[PDB]
Amino acid sequence: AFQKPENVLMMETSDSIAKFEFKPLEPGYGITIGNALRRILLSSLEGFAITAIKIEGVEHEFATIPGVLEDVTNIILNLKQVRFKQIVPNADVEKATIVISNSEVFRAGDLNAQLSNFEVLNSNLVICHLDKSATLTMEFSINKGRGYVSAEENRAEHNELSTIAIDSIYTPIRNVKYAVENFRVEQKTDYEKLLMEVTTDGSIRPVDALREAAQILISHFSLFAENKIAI
Amino acid sequence: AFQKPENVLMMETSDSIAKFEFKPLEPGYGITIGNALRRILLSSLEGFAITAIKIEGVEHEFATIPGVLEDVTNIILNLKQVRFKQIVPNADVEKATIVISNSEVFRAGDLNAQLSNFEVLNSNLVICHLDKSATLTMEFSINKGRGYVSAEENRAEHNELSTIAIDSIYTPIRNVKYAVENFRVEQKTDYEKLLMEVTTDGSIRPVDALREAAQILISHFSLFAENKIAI
Amino acid sequence: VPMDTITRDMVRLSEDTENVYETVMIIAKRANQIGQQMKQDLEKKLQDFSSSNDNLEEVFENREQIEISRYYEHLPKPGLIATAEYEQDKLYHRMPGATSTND
Amino acid sequence: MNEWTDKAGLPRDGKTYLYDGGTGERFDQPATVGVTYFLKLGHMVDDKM
Amino acid sequence: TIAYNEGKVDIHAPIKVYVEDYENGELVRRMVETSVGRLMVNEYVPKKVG
Amino acid sequence: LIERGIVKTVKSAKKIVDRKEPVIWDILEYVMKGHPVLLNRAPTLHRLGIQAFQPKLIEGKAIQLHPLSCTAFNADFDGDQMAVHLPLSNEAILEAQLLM
């Protein structure tokens, strides 16, 4: 005997926030399931970000550009925070060329996702405040990765006296939930509610990430249950 | 790259205790894999044991029977250690009767392997001390269950107020522990070592308990991952 | 008997060997001789093995010379061996110049 | 203090329960959590090597 | 260890148990009143004091 | 590295040990395992201020030390800057791992 559940329901208030519920369960078993999911989800997914920058007329991370209200440091620092998305698979790494040449306030979505391979989710972020007359040329590199990498490792890519490497936070997830509570019939017990929540950046719906986490976890237990090589 | 652990190892000190090796793990996976396997192996097992017995010549719970050196309490305690097994499926509930009337150390092997569906392995287990002058006759009720059950719980099974009921350790696994260790790979440290030890009742090799437990957990994520399955 | 090097904790050497400090020194001597014999053996047989060529590149052409080198490099240092000889207590110490039971 | 903590939608007592990543256990005694102000001092270890 | 490991008893409750301690210095095994816990640590106090 | 055979000159060995490129730390792991190190306090009052230990790799730029030994050093964890020493002679290392 094994009280197997079948109730897996999705409700999906938005493109990025979703709920899930798991019904009915044998006692003390859902905590295990959910905490395993929480760890793997929040640890080991895959994303994209920007790494390298080449500004015209600046040579190092402490310069200043005429007519631009921020340092180069703050340009890099806030460029760090811009979350992205694919539209096509197989997009490995990309280089971009922005030429802002008008009396503007330079914002995120103002980035023409001019490469067909890729796009920006968060468009309404303020990169910088130009004057009426500043002219700025920038060149981007966006690449895929996992977890977190600091700057100096990204010194690998050929500074060429101009390139500045930047930090890169790759994780595509922002918040995770699970909670459990009993449900019952009169005199007969052992009904369990698991209620779970996934909050992402919008680069991918909750279902794909949840599926991938479970695929990796089953891939781990598979070897560790069947194959039994001995000493 | 993402680095997989292969070829789990075991040391197999005996038929009741065993040791386990997982090499190599990526960080944080130690607690995950270990705690999952721990709660599964301690979660969902099955067994049979004694529930309620009546001893002849007994006024009530703690009289003293002449001719036997051991008080009622200690007899109860010793029967708590009798370990059962099945040879015929579906024989869920059984009853038996035992009569001993000669000078002997009553042992577990002396039990009347009279009811065909059922056997005892730990034969040489000692019960009590007996001479010519006493005779004992008593009734056995053996029932299926899971977990550990206090004295109050089983009074539903034919209490009658003169058949004294006892606890029952149905669980076939007696204790399991684990440890997590740091170790190296070139350029790096902090990759995980998972160490396992299992101690059963001898009714089954611990490797079998582990294999079966991990197979359960795989079959259980499969549905909460892929109830609405693509790819 | 395998050692799998650890840190040692001793009272047994007060059984077989009369004094702690003399024990230390005789272990030191035995370790010395063990080290000398291993170093000479390794150097002779390795220089025989690599007598054909001594260039930087040519040493790695098969990966097995490196493998045997790291296998022996996987063997405990002499002091461990001498200590283990005293828990097995195959040696005997006496007045100046005590030597193994190798005869 | 209590009135503000109430009007912010919080435990009026400064305490709360908490959970562990790895075991899900609810730490049987309530732990204290809050927000505090924090400074970095000048003895950076990069010059103690 | 079984009854604790299945939450049927908490870390701590007065229970009566059958344990072995040396009376100078032998070998008495009686029914002490104690608690899981003290048992867990006294698993590690060496078997030469009681 | 010499006994590896892969290197013939101590100049090349220094060249490879300084810039510390993707080659073996396995030798540090091995040698570190039977070649104890003397930990050394500055204001040593009585001998229990000088000891030996078996060393172990960790991450970063700080010395990790077991909690129950410091009382021998009679120190606190404000950030002191303990000294370390390497014996280099097998009689010394034996005295270390036998009495120290």
The stretch B:124-155 - residue that is surrounded by 13 or more Cβ atoms within 10 Å (Cβ to Cβ) and among the polar types (S, T, N, Q) and, of those, farthest from B:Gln81 (Cα to Cα): B:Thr135
Residue satisfying all of: in the stretch F:31-77; within 14 Å of chain C (Cβ to nearest Cβ) and among the charged types (D, E, K, R); nearest to B:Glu186 (Cα to Cα) among these: F:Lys56
Qualifying residue in the stretch A:38-60 (condition: within 30 Å of A:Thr137 (Cβ to Cβ) and either part of a helix (DSSP H, G or I) or of a type in the set (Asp, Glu) (or both)): yes
Given (1) surrounded by fewer than 12 Cβ atoms within 10 Å (Cβ to Cβ); (2) within 16 Å of the chain's Cα centre (by Cα); (3) away from every other protein chain (no Cβ under 12 Å), index of the condition C:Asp103 fails: (2)
Top-ranked residue in the stretch D:3-49 [being of a type in the set (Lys, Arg) and assigned to a loop (DSSP other than H, G, I, E, B); ranked as nearest to the other protein chains (Cβ to nearest Cβ)]: D:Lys48
Inter-residue pairs, beta-carbon under 7 Å, first of a type in the set (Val, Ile, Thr) and in the stretch D:29-49, second in a strand (DSSP E or B) and surrounded by 10 or more Cβ atoms within 10 Å (Cβ to Cβ), 6+ apart: D:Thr32/D:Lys15; D:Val33/D:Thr16
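Condition check ((1) touching a strand residue (DSSP E or B) at 6+ places or on another chain (Cβ under 9 Å); (2) within 25 Å of A:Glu6 (Cα to Cα)) across all residues:
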site: B:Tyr191; (1), (2): yes, no
site: B:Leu195; (1), (2): yes, no
site: B:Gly202; (1), (2): no, no
site: B:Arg205; (1), (2): yes, no
site: B:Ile218; (1), (2): no, yes
site: B:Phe224; (1), (2): yes, yes
site: B:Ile231; (1), (2): no, yes
The one condition in (1) surrounded by fewer than 13 Cβ atoms within 10 Å (Cβ to Cβ); (2) among the β-branched types (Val, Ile, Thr); (3) touching a helix residue (DSSP H, G or I) at 6+ places or on another chain (Cβ under 8 Å) that A:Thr97 fails to fulfil: (3)
Scan of the stretch A:19-34 for residues that are closer than 23 Å to D:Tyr19 by Cα and part of a loop (DSSP other than H, G, I, E, B), ordered by number: A:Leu25, A:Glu26, A:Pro27, A:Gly28, A:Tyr29
Considering residues of the stretch B:121-138 that are closer than 27 Å to E:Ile2 by Cα and not β-branched (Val, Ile, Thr) only, the residue farthest from the other protein chains (Cβ to nearest Cβ): B:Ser123
Residues satisfying the stated conditions in the stretch E:1-44, i.e. exposed (fewer than 10 other Cβ atoms within 10 Å of the Cβ) and either in a loop (DSSP other than H, G, I, E, B) or out of contact with any strand residue (DSSP E or B) (no Cβ under 8 Å at 6 or more places or on another chain) (or both): E:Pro14, E:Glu23, E:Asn24, E:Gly25, E:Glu26, E:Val41, E:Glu43, E:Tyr44
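Considering the stretch B:185-231 alone, what residues qualify as being β-branched (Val, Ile, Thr) and either outside any strand (DSSP E or B) or surrounded by 19 or more Cβ atoms within 10 Å (Cβ to Cβ) (or both)?
Correct list: B:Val198, B:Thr200, B:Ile204, B:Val207, B:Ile216, B:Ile218, B:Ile229, B:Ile231.
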Residue pairs meeting the criteria (Cβ under 7 Å; at least 6 apart or on separate chains; first away from chain D (no Cβ under 14 Å), in the stretch A:19-34; second among the hydroxyl-bearing types (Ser, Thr, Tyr)): A:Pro24/A:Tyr191
Of all residues in the stretch C:59-76 being part of a loop (DSSP other than H, G, I, E, B) and closer than 14 Å to F:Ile2 by Cα, the one that is nearest to the other protein chains (Cβ to nearest Cβ): C:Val59
Elements of type strands (runs of 3 or more DSSP E) in the stretch F:26-100, at least 2 residues being touching a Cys at 6+ places or on another chain (Cβ under 7 Å), surrounded by 15 or more Cβ atoms within 10 Å (Cβ to Cβ) and on the phi < 0 side of the Ramachandran plot: none
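Of all residues in the stretch A:8-18, count the ones that are more than 10 Å from chain B (Cβ to nearest Cβ) and either in a strand (DSSP E or B) or surrounded by 13 or more Cβ atoms within 10 Å (Cβ to Cβ) (or both). Steps first, answer last, please.
As a first pass, look at the stretch A:8-18 and keep what is more than 10 Å from chain B (Cβ to nearest Cβ): A:11-18.
Cutting the leftovers down to either in a strand (DSSP E or B) or surrounded by 13 or more Cβ atoms within 10 Å (Cβ to Cβ) (or both) gives us A:12, A:16-18.
Total satisfying the criteria: 4.
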From the options A:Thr64, A:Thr51, residue that is of a type in the set (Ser, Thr, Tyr) and closer than 24 Å to A:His158 by Cβ: A:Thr51
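Those residues that are hydroxyl-bearing (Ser, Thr, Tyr) and either buried (at least 19 other Cβ atoms within 10 Å of the Cβ) or closer than 30 Å to A:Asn182 by Cβ (or both), I need them from the stretch A:45-71; list them, please.
A:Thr51
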One residue from A:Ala156, A:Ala165, A:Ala179 being of a type in the set (A, V, I, L, M, F, W, C), closer than 20 Å to A:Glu94 by Cβ and more than 20 Å from the chain's Cα centre (by Cα): A:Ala156
Output for the stretch C:1-51, where each listed residue is under 16 Å from the mean Cα position of the chain (by Cα), of a type in the set (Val, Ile, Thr) and more than 25 Å from F:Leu88 (Cα to Cα): C:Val1
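A quick note on method: Cβ atoms are made from the backbone with ideal geometry, for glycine too, and the neighbour counts reach across all protein chains shown. Each reported figure results from applying straightforward, stated rules to the coordinates on display, with no laboratory input.
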